[PDB]
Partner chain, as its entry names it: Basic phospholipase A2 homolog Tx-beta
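The chain below stands alone, shown as structure tokens; this is the form solved without the partner chain.
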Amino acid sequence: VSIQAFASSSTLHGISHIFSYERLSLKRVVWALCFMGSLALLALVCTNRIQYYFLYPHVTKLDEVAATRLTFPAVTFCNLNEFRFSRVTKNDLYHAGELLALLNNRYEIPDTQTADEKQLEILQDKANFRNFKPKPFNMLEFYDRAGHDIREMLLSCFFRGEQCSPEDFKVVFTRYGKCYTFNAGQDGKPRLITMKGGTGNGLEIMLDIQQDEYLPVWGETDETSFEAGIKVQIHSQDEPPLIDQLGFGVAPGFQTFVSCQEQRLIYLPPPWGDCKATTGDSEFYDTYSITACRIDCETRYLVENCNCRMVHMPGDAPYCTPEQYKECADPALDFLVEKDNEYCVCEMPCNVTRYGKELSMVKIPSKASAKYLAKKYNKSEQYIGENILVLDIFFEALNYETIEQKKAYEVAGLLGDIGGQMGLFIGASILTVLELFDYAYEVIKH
């Protein structure tokens, strides 16, 4: 009933000395200030732990090991030329001549041409449209036919001692045209694995970029460039290539060693981080990713503005006219990748695989082996230094790395902190504060 009788039986550690059955003394002012000193200091450290919880903190866990049974990625490579010079016919020069800067606006050879005594004559008799009635023309058939063929570029391929074939590369269409992907993982083919590190457990491709098949550059367009070589992108199996933006280049006349390292990044869902479902809802792909978020940007943009998609874009929209490349599709796509700040926002998925790589080159051929490669492939010694290219893609020793975001402070650790801090200063529980509310309920009713 009385406060002296309640504080004797209660489970607060300090109140029994404050409300004892004695007179007022030096003790009752030094027990009360130690109790109110411990009650106020409890509120500072419990506010510190509750406000730390609702920030939802998280730390990282970076394992970097030498894993086995590691899946070899997909390697997409594109020749920097888009079309072979000997495959461009008279019908192809009629429709896509102004796009390739080979004709004027009046279907004739420009006066500012840069060609020798031979390639000018080959272009002058197939740009003769005296009795030319035009035939129909599609761009997808023209990238497929006039592009570079893998049965002529691929001189040798070895993956882990086993010889490749030109039927091991899958034809993919990018902005560079007819491109090829090793270890695409599609068409029912199983995926290839690597066990250890080094050049022996990797890919080795010897190519031929065929500079004699390059069509002459007479202007600055989006289909003719000033360079020679290939561009390579090493990406995951479930990710489409974005090789015009995210690819590295390989020069002819060199053997390029590409030492990779697979880095898997795992994030947290809200309220700790950001996660869209990685096997979520992309419009034309099964696995959501950053590059799959950017391709259906570009597909939705070009269909909205000029009613057509390019040949490297999915969907059922019609392909663009060769005039609609020059007028609509090239400046609208150049607006997205360069000057656009607002149209594309992409939510981060929480399975992102990154391949960090280190490139190095030696010179091919030496003076000793120059005459052997000229006879082996029926070529000249001037051809070999200009065109032959070897690419080595492999993993290092520490080939696997995981960067995982993990929760730093959970609800079971929150109750362990605020249960020890309640017990340290006053020694109470949640059944103590219900015993305080029981005496508060008794003092109102009487």
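Numbering follows the first chain given and starts at 1.
Same protein, other form: the form solved in complex with the partner chain, not shown, and the subject of what follows.
Quiz item: Using a 4.5 Å heavy atom cut-off, which stretch among 86-94, 333-341, 181-189, 139-147 contacts the partner chain in the entry with it bound?
Solution: Looking at the partner contacts, the answer comes out as 333-341.
Practice problem: Find out whether any non-hydrogen atom of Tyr301 is located within 4.5 angstroms of the partner chain in the entry with it bound, and reply yes or no. | Solution: Because a heavy atom of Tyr301 falls inside 4.5 Å of the partner chain in the entry with it bound, the answer is yes.
Quiz item: Taking the shortest heavy atom distance, is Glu283 within 4.5 Å of the partner chain in the entry with it bound?
Solution: Result no; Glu283 lies far from the partner chain in the entry with it bound.
Exercise. Could you confirm whether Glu327 comes within 4.5 Å of the partner chain in the entry with it bound, counting heavy atoms only?
Key: Contact check for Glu327: yes, within 4.5 Å of the partner chain in the entry with it bound.
Quiz item: Taking heavy atoms and a 4.5 Å cut-off, does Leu154 contact the partner chain in the entry with it bound?
Solution: No, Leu154 stays farther than 4.5 Å from the partner chain in the entry with it bound.
Quiz item: Given that the partner chain is left out here, which of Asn128, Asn104, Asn305, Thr279 has a heavy atom within 4.5 Å of it in the entry with it bound?
Solution: Checking each option against the partner chain in the entry with it bound, the one that comes within 4.5 Å is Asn305.
Quiz item: What are the residues of 60-77, in order along the chain, with a heavy atom within 4.5 Å of the partner chain in the entry with it bound?
Solution: Residues within 4.5 Å: none.
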